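# Chain and residue survey
For reference, the chains in residue letters:
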There are 2 protein chains.
Amino acid sequence: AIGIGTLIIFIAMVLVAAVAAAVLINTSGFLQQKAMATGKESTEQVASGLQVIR
Amino acid sequence: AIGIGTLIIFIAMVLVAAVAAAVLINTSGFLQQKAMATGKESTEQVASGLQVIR
């Protein structure tokens, strides 16, 4: 019967789509930290300094 | 006579193909809700917030 294969290949299709989704979720995590830090650090740099009074 | 079996196995073949179809219809239902909700919710999250006036 044709049905048998249709079932089995569906199982595969789901699994592949899961793996594909995963990499984006993971990568978004990696980028989150890197981005946030870069902004903070850059801000502190511009904002700060010393001045010679006399 | 050969005809007798040909009939009987057809009955089976139909039934199996029905069961196979069913799982896809069912699964599409399950996914429908989950997808729709995920979109709505995510949208409201980004769109909303509070601001301190003074």
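Residues numbered from 1 in each chain as written, not as in the entry; some residues may be left out. Chains lettered and ligands numbered in written order. Part of a larger assembly, values for the part shown. Heavy atoms only, no water.

Chain A appears in the PDB entry as Archaellin from Methanocaldococcus villosus.

### A look at the interface of chain B and chain A
If you look at the interface, chain B gives six residues, while chain A gives six residues. Here chain B meets chain A over a buried area of about 540 Å², counting both sides, of which 95% is carbon and sulfur. For the pair chain B and chain A, the interface holds zero salt bridges. Taken together, chain B and chain A are joined by zero residue pairs in polar contact. Classifying every residue of the side of chain B that touches chain A gives five nonpolar, one polar and no charged. (Contact = heavy atoms within 4.5 Å. Buried area = accessible area lost by both parts, 1.4 Å probe. Salt bridge = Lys/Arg side-chain N within 4 Å of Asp/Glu carboxyl O. Polar contact = N/O pair within 3.5 Å; in protein donor to acceptor, adjacent residues only side chain to side chain. Nonpolar A, V, L, I, M, F, W, Y, C, P; charged D, E, K, R; others polar.)

### Re the environment of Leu31 of chain A
Residue and element names in this part refer to chain A. Counting through the fold element by element, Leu31 comes out in helix 1 (residues 3-47). For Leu31, a relative accessible area of 48% corresponds to the partly exposed category. Between the C-alpha atoms of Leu31 and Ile2, which are 29 residues apart in sequence, the distance is 45 Å. (Helix = DSSP H or I, 4+ residues; strand = E, 2+ residues; numbered from the N terminus. Buried < 20%, exposed > 50% of the residue type's maximum accessible area, 1.4 Å probe, protein only.)

### A word on the environment of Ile4 of chain A
Residues and elements named next belong to chain A. Relative to the helices and strands, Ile4 is located in helix 1. When its relative accessible area of 46% is taken as the criterion, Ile4 is described as partly exposed. In sequence terms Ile4 and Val52 are 48 residues apart; their C-alpha atoms lie 82 Å from each other.

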